[PDB]
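Novice: Next up is a structure, given as structure tokens.
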Protein chains: 2
Amino acid sequence: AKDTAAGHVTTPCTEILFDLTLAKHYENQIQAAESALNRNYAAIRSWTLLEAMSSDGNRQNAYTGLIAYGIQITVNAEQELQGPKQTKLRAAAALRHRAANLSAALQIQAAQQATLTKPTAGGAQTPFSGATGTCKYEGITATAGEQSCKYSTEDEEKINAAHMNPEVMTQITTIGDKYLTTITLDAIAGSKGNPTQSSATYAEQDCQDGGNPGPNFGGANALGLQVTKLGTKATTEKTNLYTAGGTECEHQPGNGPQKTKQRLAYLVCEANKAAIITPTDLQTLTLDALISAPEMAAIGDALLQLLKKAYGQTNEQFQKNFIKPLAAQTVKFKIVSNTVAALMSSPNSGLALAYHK
Amino acid sequence: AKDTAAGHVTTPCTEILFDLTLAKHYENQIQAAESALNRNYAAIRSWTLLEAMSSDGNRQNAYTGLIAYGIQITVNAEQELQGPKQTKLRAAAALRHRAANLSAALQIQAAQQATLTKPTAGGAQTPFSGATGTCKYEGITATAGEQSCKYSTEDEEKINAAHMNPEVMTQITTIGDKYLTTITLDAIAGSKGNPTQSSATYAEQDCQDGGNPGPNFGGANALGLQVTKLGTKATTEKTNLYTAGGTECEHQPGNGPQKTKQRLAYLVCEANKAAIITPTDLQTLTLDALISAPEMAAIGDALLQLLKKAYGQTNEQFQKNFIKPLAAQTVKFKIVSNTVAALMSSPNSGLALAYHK
Ligand SMILES: *[C@@H]1O[C@H](CO)[C@@H](O[C@@H]2O[C@H](CO)[C@@H](O[C@@H]3O[C@H](CO[C@H]4O[C@H](CO)[C@@H](O)[C@H](O[C@H]5O[C@H](CO)[C@@H](O)[C@H](O)[C@@H]5O)[C@@H]4O)[C@@H](O)[C@H](O[C@H]4O[C@H](CO)[C@@H](O)[C@H](O)[C@@H]4O[C@H]4O[C@H](CO)[C@@H](O)[C@H](O)[C@@H]4O)[C@@H]3O)[C@H](O)[C@H]2NC(C)=O)[C@H](O)[C@H]1NC(C)=O
Ligand SMILES: *[C@@H]1O[C@H](CO)[C@@H](O[C@@H]2O[C@H](CO)[C@@H](O[C@@H]3O[C@H](CO[C@H]4O[C@H](CO)[C@@H](O)[C@H](O[C@H]5O[C@H](CO)[C@@H](O)[C@H](O)[C@@H]5O)[C@@H]4O)[C@@H](O)[C@H](O[C@H]4O[C@H](CO)[C@@H](O)[C@H](O)[C@@H]4O[C@H]4O[C@H](CO)[C@@H](O)[C@H](O)[C@@H]4O)[C@@H]3O)[C@H](O)[C@H]2NC(C)=O)[C@H](O)[C@H]1NC(C)=O
């Protein structure tokens with residue numbers, strides 16, 4: 001099914017949730033790739049120490065083969081990550097920027113009840129040069145308490161990274177611009193009798209005089225206004241990520257002015273298309289994965305079925321000789337006592353290598 | 001001098017510039033540290049290839065000493081970076097979040113001219129149960145054109161990373177909360193004659209009838225209102241980063257509700273205090289820096305004045321034998337032709353190592 005997450009965006013709060021959840025998704029994709037690289041670099045440091053601790057030439061060349069293989073695929077993956085990383089980060093930054101904007105607009109659009117100030121009565125005056133009575137209010141304000149977005153269980157299940165793989169996303173839904181740009185209000189004026197500049201009894205936040213001024217235009221002459229509500233209604237809009245052919249991003253920049261939704265759709269599309277390729281996890285490498293790896297053809301040719309002779313006929317032998325030592329083999333010396341992999345990621349990593357070399 | 005940058009914050013636009021410039025500063029500090037690490041890791045890969053290409057045992061141990069030294073200081077610096085990295089990123093994210101908020105509020109607070117709708121005349125009606133005439137407006141709006149922040153040459157010179165070292169920052173300046181929460185407006189009602197529900201001539205966006213209704217309350221009876229301006233005035237506030245003793249961060253969380261300025265000051269303070277330590281740049285290492293390095297005592301003891309015997313009596317000899325080969329020594333083979341440092345950061349890095357090993 002397509003657009004489960006975007007199709008759940010029907011309010012400012014759910015667009016905020018979508019934008020933040022997608023940004024976190026992109027950020028997490030990068031973090032996961034970088035964690036995989038760092039695990040690979042830690043494995044290379046571990047095999048480097050094991051190579052220095054070996055007495056057998058062919059076992060030393062075996063560790064060197066893993067070092068060479070590890071450096072090749074990990075350096076290459078790190079270089080290849082950089083393009084997609086920057087593309088995904090551009091989208092995450094914009095999505096967080098949008099979510100901030102919308103949250104700030106939400107707080108202002110919640111200010112829907114006005115506080116009237118005490119008015120001043122007058123005669124004719126700008127912008128009512130033809131009036132006999134005016135009632136002028138300065139500094140009417142509207143403020144809301146602190147707003148917060150509340151999400152239901154299903155909000156968080158549907159607007160979720162689990163629904164944000166590129167293969168299911170075709171559109172984004174956004175709140176219309178007027179929610180972020182426009183103040184809206186209702187107001188009403190009321191008059192009774194002959195209000196003039198003399199209508200200077202202000203106890204009811206209007207202009208009254210004559211008779212007995214009081215609540216509900218008690219006086220003989222009265223003029224006033226009230227702002228009875230404020231707040232602009234949110235609307236939603238859909239923006240497609242791809243062109244009609246489905247391959248290319250819609251809303252490419254440089255073709256004329258664009259709306260916020262179009263700039264966001266373009267960034268999200270490019271971030272979705274910039275798939276990250278994660279290399280083999282060296283620390284959990286199996287025998288079959290190693291000898292099947294294309295890079296091991298030239299590496300094995302350089303250092304050495306020849307691969308099975310060096311790394312084992314079974315995966316059990318390979319795990320025994322080349323994988324399990326990382327976590328279980330203890331290294332001890334003094335010039336320090338730790339397991340291989342932790343040691344080669346510790347402050348004594350380099351010193352352990354120099355000691356055994 | 002202290003607080004050159006914060007002391008230049010006097011407007012929403014200059015606070016936005018400060019917040020974005022400080023966030024970029026923190027981000028750039030991390031990028032610079034990570035670039036230094038990656039340069040060090042590239043140097044270790046280069047020395048690894050040179051060690052495999054050496055025939056002399058003592059020259060091989062010399063490269064191994066640089067490899068061990070490089071791994072030790074760079075792994076340690078990478079681990080030590082993580083705390084400060086996260087602290088600085090927390091502040092940069094919040095500063096960008098604040099700048100977004102303020103920019104969105106700026107756009108709304110620029111909507112200072114109202115568009116009146118056509119009113120509807122009435123008699124007594126809520127909230128003027130005592131009036132004889134009412135004039136009710138629904139959907140008055142205010143919208144501004146797209147706002148942008150314009151900075152002068154000196155704005156950018158003073159609000160600048162060059163003025164954002166921790167030693168000169170004691171406070172932040174922020175726009176007051178009401179700019180982000182409160183709608184403000186002026187309004188005036190005008191009356192003439194005896195306006196009632198019959199005052200249904202709306203051509204002037206007010207309620208008129210009798211005589212000749214027209215501009216400036218031309219008719220005998222008239223009632224109307226205008227929203228003559230909107231917009232909340234920005235104010236500024238100062239928040240100290242440190243306690244009175246000057247060492248500890250003010251506005252630590254967990255002690256009660258906090259304002260936005262206090263949360264930001266705390267994050268900025270911790271980001272300022274979380275100084276990053278960058279290790280020696282291996283690719284530009286000098287002889288004196290190497291033998292002076294404390295880590296080289298145990299490393300040299302493990303592998304070998306003994307340091308000068310291995311690395312050279314002068315820096316010229318050291319640069320010749322251990323630094324300049326990274327950029328000038330060409331490596332060629334086929335199983336590829338490139339200089340040492342570029343090769344060991346290329347797709348053929350691992351294969352070059354395996355070939356010569
Ligand atoms: C979160 O909310 C905030 C707050 O609202 C949003 O921030 C706003 O973001 C917009 C969009 O980025 C900003 O508008 C941009 O402003 C740029 C600067 O304009 C000023 O300086 C330039 C000189 O550098 C002047 O030329 C401008 O004057 C002209 O424009 C004004 C306004 O229309 C007129 O009144 C003048 O008479 C001049 O005509 C300003 O003084 C500006 O460069 C930028 O322009 C591009 O985009 C607009 C449409 O937005 C096009 O009309 C324009 O032609 C430009 O587009 C061409 O170029 C781009 C590449 O740059 C191509 O990709 C296009 O396809 C096209 O070929 C734009 O106007 C705004 O300033 C900013 N507001 C604040 C307060 O910060 C955030 O966007 C929002 N974020 C998210 C993620 O939601
Ligand atoms: C950019 O602009 C946006 C838009 O304005 C800003 O976003 C706002 O940011 C604030 C601050 O982070 C958000 O407020 C926070 O809301 C949290 C969620 O509250 C709701 O859920 C909880 C349950 O999880 C309920 O308990 C709440 O109900 C209670 O509060 C409301 C409102 O007062 C009352 O009406 C109710 O009756 C309840 O009493 C809400 O329903 C909330 O957890 C969080 O609370 C801490 O901070 C407030 C002060 O802001 C304290 O009063 C409170 O006691 C909490 O503080 C203790 O805990 C913290 C650790 O969490 C300690 O550090 C403190 O020292 C203290 O011991 C806060 O209220 C707001 O929701 C959000 N708005 C939107 C629309 O997103 C951005 O901040 C801004 N960004 C920048 C960088 O400028």
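In the structure tokens, the first chain shown is A, the next is B, and so on; residue numbers restart at 1 for each chain, and ligands run from 1 in the order shown.
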Could the residues that lie within 7 Å of ligand 1, counting only C-alpha atoms and all ligand atoms, be listed as a ChimeraX atom specification?

Specialist: /A:94-95,97-98,101,253-260,264 /B:100,103-104,106-107,145-149

Novice: Return as a PDB file with N, CA, C and O atoms, in the first residue's frame the full set of residues in segment 94-286 of chain B whose backbone-based DSSP assignment is strand (DSSP E).

Specialist:
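Printed below is out09.pdb as written:
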```
ATOM      1  N   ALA B 114      -5.319  45.336   7.567  1.00  0.00           N
ATOM      2  CA  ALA B 114      -6.480  44.460   7.454  1.00  0.00           C
ATOM      3  C   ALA B 114      -7.234  44.692   6.155  1.00  0.00           C
ATOM      4  O   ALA B 114      -7.325  45.819   5.658  1.00  0.00           O
ATOM      5  N   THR B 115      -7.810  43.611   5.634  1.00  0.00           N
ATOM      6  CA  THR B 115      -8.772  43.658   4.542  1.00  0.00           C
ATOM      7  C   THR B 115     -10.157  43.446   5.128  1.00  0.00           C
ATOM      8  O   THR B 115     -10.444  42.369   5.663  1.00  0.00           O
ATOM      9  N   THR B 120     -22.751  42.733   7.559  1.00  0.00           N
ATOM     10  CA  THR B 120     -24.181  42.480   7.596  1.00  0.00           C
ATOM     11  C   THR B 120     -24.786  43.325   8.704  1.00  0.00           C
ATOM     12  O   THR B 120     -24.303  43.302   9.840  1.00  0.00           O
ATOM     13  N   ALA B 121     -25.828  44.080   8.371  1.00  0.00           N
ATOM     14  CA  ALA B 121     -26.482  44.933   9.349  1.00  0.00           C
ATOM     15  C   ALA B 121     -27.448  44.128  10.207  1.00  0.00           C
ATOM     16  O   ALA B 121     -27.985  43.104   9.776  1.00  0.00           O
ATOM     17  N   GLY B 122     -27.673  44.605  11.427  1.00  0.00           N
ATOM     18  CA  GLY B 122     -28.653  43.974  12.285  1.00  0.00           C
ATOM     19  C   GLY B 122     -29.132  44.941  13.343  1.00  0.00           C
ATOM     20  O   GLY B 122     -28.726  46.104  13.403  1.00  0.00           O
ATOM     21  N   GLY B 133     -28.521  49.168  16.666  1.00  0.00           N
ATOM     22  CA  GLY B 133     -27.892  48.839  15.406  1.00  0.00           C
ATOM     23  C   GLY B 133     -26.591  48.093  15.607  1.00  0.00           C
ATOM     24  O   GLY B 133     -25.792  48.442  16.483  1.00  0.00           O
ATOM     25  N   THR B 134     -26.385  47.042  14.821  1.00  0.00           N
ATOM     26  CA  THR B 134     -25.126  46.320  14.801  1.00  0.00           C
ATOM     27  C   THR B 134     -24.641  46.221  13.365  1.00  0.00           C
ATOM     28  O   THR B 134     -25.434  46.252  12.421  1.00  0.00           O
ATOM     29  N   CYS B 135     -23.329  46.098  13.208  1.00  0.00           N
ATOM     30  CA  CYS B 135     -22.713  45.923  11.895  1.00  0.00           C
ATOM     31  C   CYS B 135     -21.643  44.858  12.072  1.00  0.00           C
ATOM     32  O   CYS B 135     -20.626  45.106  12.725  1.00  0.00           O
ATOM     33  N   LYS B 136     -21.885  43.672  11.513  1.00  0.00           N
ATOM     34  CA  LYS B 136     -21.117  42.473  11.827  1.00  0.00           C
ATOM     35  C   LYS B 136     -20.235  42.088  10.648  1.00  0.00           C
ATOM     36  O   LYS B 136     -20.727  41.942   9.522  1.00  0.00           O
ATOM     37  N   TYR B 137     -18.942  41.921  10.913  1.00  0.00           N
ATOM     38  CA  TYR B 137     -17.955  41.555   9.907  1.00  0.00           C
ATOM     39  C   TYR B 137     -17.432  40.159  10.208  1.00  0.00           C
ATOM     40  O   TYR B 137     -17.006  39.880  11.334  1.00  0.00           O
ATOM     41  N   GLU B 138     -17.455  39.289   9.207  1.00  0.00           N
ATOM     42  CA  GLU B 138     -16.877  37.963   9.343  1.00  0.00           C
ATOM     43  C   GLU B 138     -15.695  37.837   8.396  1.00  0.00           C
ATOM     44  O   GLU B 138     -15.752  38.300   7.253  1.00  0.00           O
ATOM     45  N   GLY B 139     -14.607  37.250   8.891  1.00  0.00           N
ATOM     46  CA  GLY B 139     -13.492  36.935   8.015  1.00  0.00           C
ATOM     47  C   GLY B 139     -12.655  38.119   7.582  1.00  0.00           C
ATOM     48  O   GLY B 139     -12.124  38.117   6.466  1.00  0.00           O
ATOM     49  N   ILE B 140     -12.532  39.142   8.427  1.00  0.00           N
ATOM     50  CA  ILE B 140     -11.480  40.130   8.227  1.00  0.00           C
ATOM     51  C   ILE B 140     -10.141  39.412   8.272  1.00  0.00           C
ATOM     52  O   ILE B 140      -9.924  38.535   9.116  1.00  0.00           O
ATOM     53  N   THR B 141      -9.236  39.756   7.351  1.00  0.00           N
ATOM     54  CA  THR B 141      -7.929  39.113   7.335  1.00  0.00           C
ATOM     55  C   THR B 141      -6.815  40.143   7.239  1.00  0.00           C
ATOM     56  O   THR B 141      -7.009  41.271   6.774  1.00  0.00           O
ATOM     57  N   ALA B 142      -5.628  39.717   7.668  1.00  0.00           N
ATOM     58  CA  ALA B 142      -4.408  40.484   7.462  1.00  0.00           C
ATOM     59  C   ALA B 142      -3.330  39.525   6.992  1.00  0.00           C
ATOM     60  O   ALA B 142      -3.137  38.468   7.602  1.00  0.00           O
ATOM     61  N   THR B 143      -2.648  39.885   5.904  1.00  0.00           N
ATOM     62  CA  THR B 143      -1.574  39.075   5.340  1.00  0.00           C
ATOM     63  C   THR B 143      -0.495  40.018   4.833  1.00  0.00           C
ATOM     64  O   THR B 143      -0.807  41.073   4.277  1.00  0.00           O
ATOM     65  N   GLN B 171      26.373  35.939  27.516  1.00  0.00           N
ATOM     66  CA  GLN B 171      24.926  36.116  27.506  1.00  0.00           C
ATOM     67  C   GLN B 171      24.387  35.863  26.109  1.00  0.00           C
ATOM     68  O   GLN B 171      25.126  35.895  25.122  1.00  0.00           O
ATOM     69  N   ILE B 172      23.076  35.657  26.034  1.00  0.00           N
ATOM     70  CA  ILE B 172      22.385  35.681  24.756  1.00  0.00           C
ATOM     71  C   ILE B 172      21.265  36.704  24.855  1.00  0.00           C
ATOM     72  O   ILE B 172      20.757  37.002  25.939  1.00  0.00           O
ATOM     73  N   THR B 173      20.927  37.288  23.719  1.00  0.00           N
ATOM     74  CA  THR B 173      19.814  38.221  23.622  1.00  0.00           C
ATOM     75  C   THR B 173      18.717  37.572  22.794  1.00  0.00           C
ATOM     76  O   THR B 173      18.996  37.013  21.729  1.00  0.00           O
ATOM     77  N   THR B 174      17.470  37.648  23.269  1.00  0.00           N
ATOM     78  CA  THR B 174      16.372  37.021  22.550  1.00  0.00           C
ATOM     79  C   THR B 174      15.178  37.962  22.503  1.00  0.00           C
ATOM     80  O   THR B 174      14.980  38.785  23.401  1.00  0.00           O
ATOM     81  N   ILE B 175      14.369  37.798  21.456  1.00  0.00           N
ATOM     82  CA  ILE B 175      13.088  38.491  21.354  1.00  0.00           C
ATOM     83  C   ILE B 175      12.112  37.963  22.402  1.00  0.00           C
ATOM     84  O   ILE B 175      12.015  36.750  22.632  1.00  0.00           O
ATOM     85  N   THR B 182       1.393  36.397  20.560  1.00  0.00           N
ATOM     86  CA  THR B 182       0.325  37.365  20.765  1.00  0.00           C
ATOM     87  C   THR B 182       0.026  38.125  19.481  1.00  0.00           C
ATOM     88  O   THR B 182       0.944  38.620  18.817  1.00  0.00           O
ATOM     89  N   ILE B 183      -1.261  38.206  19.137  1.00  0.00           N
ATOM     90  CA  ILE B 183      -1.755  39.088  18.084  1.00  0.00           C
ATOM     91  C   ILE B 183      -2.196  40.389  18.745  1.00  0.00           C
ATOM     92  O   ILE B 183      -2.872  40.364  19.780  1.00  0.00           O
ATOM     93  N   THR B 184      -1.804  41.522  18.165  1.00  0.00           N
ATOM     94  CA  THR B 184      -2.147  42.843  18.684  1.00  0.00           C
ATOM     95  C   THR B 184      -2.806  43.647  17.576  1.00  0.00           C
ATOM     96  O   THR B 184      -2.393  43.558  16.412  1.00  0.00           O
ATOM     97  N   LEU B 185      -3.816  44.443  17.928  1.00  0.00           N
ATOM     98  CA  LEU B 185      -4.481  45.241  16.904  1.00  0.00           C
ATOM     99  C   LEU B 185      -5.153  46.457  17.529  1.00  0.00           C
ATOM    100  O   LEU B 185      -5.458  46.487  18.727  1.00  0.00           O
ATOM    101  N   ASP B 186      -5.374  47.460  16.681  1.00  0.00           N
ATOM    102  CA  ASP B 186      -6.165  48.646  16.982  1.00  0.00           C
ATOM    103  C   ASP B 186      -7.441  48.584  16.158  1.00  0.00           C
ATOM    104  O   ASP B 186      -7.413  48.173  14.996  1.00  0.00           O
ATOM    105  N   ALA B 187      -8.552  49.009  16.747  1.00  0.00           N
ATOM    106  CA  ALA B 187      -9.813  49.035  16.022  1.00  0.00           C
ATOM    107  C   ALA B 187     -10.646  50.204  16.518  1.00  0.00           C
ATOM    108  O   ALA B 187     -10.493  50.655  17.655  1.00  0.00           O
ATOM    109  N   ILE B 188     -11.532  50.685  15.652  1.00  0.00           N
ATOM    110  CA  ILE B 188     -12.377  51.828  15.965  1.00  0.00           C
ATOM    111  C   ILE B 188     -13.749  51.602  15.344  1.00  0.00           C
ATOM    112  O   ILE B 188     -13.861  51.098  14.222  1.00  0.00           O
ATOM    113  N   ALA B 189     -14.793  51.938  16.096  1.00  0.00           N
ATOM    114  CA  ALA B 189     -16.161  51.929  15.610  1.00  0.00           C
ATOM    115  C   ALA B 189     -16.602  53.356  15.335  1.00  0.00           C
ATOM    116  O   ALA B 189     -16.161  54.294  16.003  1.00  0.00           O
ATOM    117  N   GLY B 190     -17.455  53.516  14.328  1.00  0.00           N
ATOM    118  CA  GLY B 190     -18.042  54.813  14.037  1.00  0.00           C
ATOM    119  C   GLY B 190     -19.545  54.743  13.860  1.00  0.00           C
ATOM    120  O   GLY B 190     -20.053  53.766  13.300  1.00  0.00           O
ATOM    121  N   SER B 191     -20.273  55.764  14.312  1.00  0.00           N
ATOM    122  CA  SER B 191     -21.725  55.763  14.232  1.00  0.00           C
ATOM    123  C   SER B 191     -22.215  57.139  13.807  1.00  0.00           C
ATOM    124  O   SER B 191     -21.601  58.162  14.121  1.00  0.00           O
ATOM    125  N   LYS B 192     -23.325  57.147  13.077  1.00  0.00           N
ATOM    126  CA  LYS B 192     -23.993  58.375  12.676  1.00  0.00           C
ATOM    127  C   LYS B 192     -25.482  58.092  12.600  1.00  0.00           C
ATOM    128  O   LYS B 192     -25.895  57.042  12.104  1.00  0.00           O
ATOM    129  N   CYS B 207     -22.343  49.769   7.308  1.00  0.00           N
ATOM    130  CA  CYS B 207     -23.793  49.614   7.268  1.00  0.00           C
ATOM    131  C   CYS B 207     -24.430  50.998   7.198  1.00  0.00           C
ATOM    132  O   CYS B 207     -24.330  51.777   8.151  1.00  0.00           O
ATOM    133  N   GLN B 208     -25.087  51.307   6.076  1.00  0.00           N
ATOM    134  CA  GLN B 208     -25.708  52.611   5.874  1.00  0.00           C
ATOM    135  C   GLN B 208     -27.124  52.476   5.328  1.00  0.00           C
ATOM    136  O   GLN B 208     -27.451  51.514   4.627  1.00  0.00           O
ATOM    137  N   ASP B 209     -27.957  53.467   5.644  1.00  0.00           N
ATOM    138  CA  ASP B 209     -29.244  53.634   4.981  1.00  0.00           C
ATOM    139  C   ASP B 209     -29.756  55.040   5.265  1.00  0.00           C
ATOM    140  O   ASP B 209     -29.254  55.741   6.146  1.00  0.00           O
ATOM    141  N   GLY B 210     -30.766  55.444   4.496  1.00  0.00           N
ATOM    142  CA  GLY B 210     -31.339  56.767   4.646  1.00  0.00           C
ATOM    143  C   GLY B 210     -30.558  57.833   3.908  1.00  0.00           C
ATOM    144  O   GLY B 210     -29.330  57.758   3.817  1.00  0.00           O
ATOM    145  N   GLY B 211     -31.261  58.832   3.378  1.00  0.00           N
ATOM    146  CA  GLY B 211     -30.591  59.872   2.612  1.00  0.00           C
ATOM    147  C   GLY B 211     -29.905  59.289   1.392  1.00  0.00           C
ATOM    148  O   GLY B 211     -30.487  58.500   0.642  1.00  0.00           O
ATOM    149  N   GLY B 219     -24.713  58.441   4.144  1.00  0.00           N
ATOM    150  CA  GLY B 219     -26.109  58.232   4.455  1.00  0.00           C
ATOM    151  C   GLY B 219     -26.517  58.825   5.790  1.00  0.00           C
ATOM    152  O   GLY B 219     -25.700  59.260   6.604  1.00  0.00           O
ATOM    153  N   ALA B 220     -27.834  58.836   6.011  1.00  0.00           N
ATOM    154  CA  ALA B 220     -28.381  59.428   7.228  1.00  0.00           C
ATOM    155  C   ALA B 220     -28.022  58.601   8.456  1.00  0.00           C
ATOM    156  O   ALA B 220     -27.744  59.156   9.529  1.00  0.00           O
ATOM    157  N   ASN B 221     -28.023  57.278   8.316  1.00  0.00           N
ATOM    158  CA  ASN B 221     -27.687  56.354   9.390  1.00  0.00           C
ATOM    159  C   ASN B 221     -26.514  55.497   8.944  1.00  0.00           C
ATOM    160  O   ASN B 221     -26.519  54.966   7.827  1.00  0.00           O
ATOM    161  N   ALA B 222     -25.519  55.358   9.814  1.00  0.00           N
ATOM    162  CA  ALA B 222     -24.321  54.617   9.457  1.00  0.00           C
ATOM    163  C   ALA B 222     -23.715  53.993  10.703  1.00  0.00           C
ATOM    164  O   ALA B 222     -23.726  54.595  11.781  1.00  0.00           O
ATOM    165  N   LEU B 223     -23.195  52.779  10.541  1.00  0.00           N
ATOM    166  CA  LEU B 223     -22.450  52.091  11.583  1.00  0.00           C
ATOM    167  C   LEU B 223     -21.377  51.245  10.920  1.00  0.00           C
ATOM    168  O   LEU B 223     -21.639  50.574   9.918  1.00  0.00           O
ATOM    169  N   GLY B 224     -20.173  51.283  11.474  1.00  0.00           N
ATOM    170  CA  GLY B 224     -19.098  50.488  10.907  1.00  0.00           C
ATOM    171  C   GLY B 224     -17.927  50.424  11.851  1.00  0.00           C
ATOM    172  O   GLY B 224     -17.893  51.095  12.888  1.00  0.00           O
ATOM    173  N   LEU B 225     -16.967  49.579  11.486  1.00  0.00           N
ATOM    174  CA  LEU B 225     -15.709  49.509  12.208  1.00  0.00           C
ATOM    175  C   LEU B 225     -14.579  49.324  11.207  1.00  0.00           C
ATOM    176  O   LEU B 225     -14.793  48.929  10.056  1.00  0.00           O
ATOM    177  N   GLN B 226     -13.370  49.636  11.660  1.00  0.00           N
ATOM    178  CA  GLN B 226     -12.163  49.331  10.910  1.00  0.00           C
ATOM    179  C   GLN B 226     -11.102  48.832  11.873  1.00  0.00           C
ATOM    180  O   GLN B 226     -10.991  49.326  12.999  1.00  0.00           O
ATOM    181  N   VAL B 227     -10.333  47.844  11.427  1.00  0.00           N
ATOM    182  CA  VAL B 227      -9.115  47.434  12.107  1.00  0.00           C
ATOM    183  C   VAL B 227      -7.998  48.263  11.482  1.00  0.00           C
ATOM    184  O   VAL B 227      -7.636  48.048  10.321  1.00  0.00           O
ATOM    185  N   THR B 228      -7.472  49.229  12.234  1.00  0.00           N
ATOM    186  CA  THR B 228      -6.602  50.238  11.636  1.00  0.00           C
ATOM    187  C   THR B 228      -5.137  49.831  11.594  1.00  0.00           C
ATOM    188  O   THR B 228      -4.371  50.424  10.821  1.00  0.00           O
ATOM    189  N   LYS B 229      -4.736  48.842  12.387  1.00  0.00           N
ATOM    190  CA  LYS B 229      -3.406  48.253  12.277  1.00  0.00           C
ATOM    191  C   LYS B 229      -3.375  46.979  13.103  1.00  0.00           C
ATOM    192  O   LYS B 229      -4.190  46.784  14.009  1.00  0.00           O
ATOM    193  N   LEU B 230      -2.419  46.114  12.776  1.00  0.00           N
ATOM    194  CA  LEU B 230      -2.102  44.949  13.580  1.00  0.00           C
ATOM    195  C   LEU B 230      -0.593  44.884  13.734  1.00  0.00           C
ATOM    196  O   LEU B 230       0.148  45.639  13.095  1.00  0.00           O
ATOM    197  N   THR B 236      13.436  42.989  23.405  1.00  0.00           N
ATOM    198  CA  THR B 236      14.570  42.092  23.588  1.00  0.00           C
ATOM    199  C   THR B 236      14.829  41.866  25.072  1.00  0.00           C
ATOM    200  O   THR B 236      14.457  42.673  25.927  1.00  0.00           O
ATOM    201  N   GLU B 237      15.474  40.742  25.361  1.00  0.00           N
ATOM    202  CA  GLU B 237      15.796  40.339  26.721  1.00  0.00           C
ATOM    203  C   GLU B 237      17.171  39.706  26.733  1.00  0.00           C
ATOM    204  O   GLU B 237      17.580  39.081  25.756  1.00  0.00           O
ATOM    205  N   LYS B 238      17.870  39.842  27.857  1.00  0.00           N
ATOM    206  CA  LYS B 238      19.192  39.250  28.028  1.00  0.00           C
ATOM    207  C   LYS B 238      19.134  38.101  29.023  1.00  0.00           C
ATOM    208  O   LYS B 238      18.465  38.197  30.058  1.00  0.00           O
ATOM    209  N   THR B 239      19.878  37.036  28.726  1.00  0.00           N
ATOM    210  CA  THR B 239      19.952  35.853  29.580  1.00  0.00           C
ATOM    211  C   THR B 239      21.416  35.481  29.730  1.00  0.00           C
ATOM    212  O   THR B 239      22.107  35.296  28.724  1.00  0.00           O
ATOM    213  N   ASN B 240      21.893  35.385  30.970  1.00  0.00           N
ATOM    214  CA  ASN B 240      23.284  35.035  31.209  1.00  0.00           C
ATOM    215  C   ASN B 240      23.529  33.546  31.017  1.00  0.00           C
ATOM    216  O   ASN B 240      22.671  32.711  31.318  1.00  0.00           O
TER     217      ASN B 240
END
```

Novice: Hey, which of A:5, A:68, A:17, A:269 ends up closest to residue 356 of chain B? Count only C-alpha atoms.

Specialist: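 Comparing A:5, A:68, A:17, A:269 against residue 356 of chain B, the winner is A:68.
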
Novice: Find the residue from B:272, B:313, B:55, B:345 that sits nearest to chain A; use only C-alpha atoms when measuring.

Specialist: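 So, comparing all the options, the nearest one is B:345.
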
Novice: Please indicate the distance in Å from atom CA of residue 250 of chain B to atom CA of residue 265 of chain B, rounded to one decimal place.

Specialist: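 A separation of 7.6 Å between them.
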
Novice: Please return, as a VMD selection string, all residues of segment 74-200 of chain A that DSSP assigns to alpha helix (DSSP H) on the basis of the backbone.

Specialist: chain A and resid 74 to 109 153 to 158 178 to 181

Novice: For atom CA of residue 14 of chain B and atom CA of residue 270 of chain B, quote the distance in Å rounded to one decimal.

Specialist: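 Separation of atom CA of residue 14 of chain B and atom CA of residue 270 of chain B: 22.7 Å.
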
Novice: Which one of A:340, A:162, A:92, A:102 sits closest to chain B if you count only C-alpha atoms?

Specialist: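 Smallest separation from chain B among the options: A:102.
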
Novice: For a quick check of understanding, using only C-alpha atoms, which of A:160, A:60, A:286, A:216 has the smallest distance to residue 19 of chain A?

Specialist: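 For residue 19 of chain A, the nearest of the candidates is A:160.
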
Novice: Let me make sure I understand: among B:66, B:200, B:30, B:267, which one has the smallest atom-to-atom distance to ligand 2 if we use only C-alpha atoms and all ligand atoms?

Specialist: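 Looking at the shortest contact to ligand 2, the residue is B:267.
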
Novice: Write out as a ChimeraX atom specification the residues lying within 10 Å of residue 1 of chain A, counting only C-alpha atoms and excluding same-chain residues fewer than 3 positions away.

Specialist: /A:4,163,167-169

Novice: Put those residues in a file: C-alpha atoms, as an mmCIF file, in the first residue's frame.

Specialist:
```cif
data_model
loop_
_atom_site.group_PDB
_atom_site.id
_atom_site.type_symbol
_atom_site.label_atom_id
_atom_site.label_comp_id
_atom_site.auth_asym_id
_atom_site.auth_seq_id
_atom_site.Cartn_x
_atom_site.Cartn_y
_atom_site.Cartn_z
ATOM 1 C CA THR A 4 -0.034 5.280 4.524
ATOM 2 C CA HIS A 163 5.891 3.361 6.463
ATOM 3 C CA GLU A 167 8.906 2.167 -2.419
ATOM 4 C CA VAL A 168 5.636 3.308 -0.777
ATOM 5 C CA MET A 169 5.945 7.129 -0.891
#
```
